[PDB]
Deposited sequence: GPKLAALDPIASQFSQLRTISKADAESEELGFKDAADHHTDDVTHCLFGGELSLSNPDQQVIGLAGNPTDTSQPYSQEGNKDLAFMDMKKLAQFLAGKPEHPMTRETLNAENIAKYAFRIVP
């Protein structure tokens, strides 16, 4: 079937990364919840787990305060309101990589 490629969520694989090893407690009871609701897990096949910073930095200085979330939910939010969900500063496809870090094992 036809499927949309979201202009923001399609950047997930290009993001700067931060290892699983900031309060992230993967689900698989103290667990980190996404900003938009529900527990987060690197093993959840339907989530793209990121940390979203409150201030931007150039695409690749590594990370140096994050909100954890599912980028899929973030992209849906930003398509309707292109603003950082906490600071309300402009946030869109153009600058998401300056704010978002993909969490890896």
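Residues 1-2, 24-29, 37-40, 77-81 of the deposited sequence have no C-alpha coordinates in the structure.
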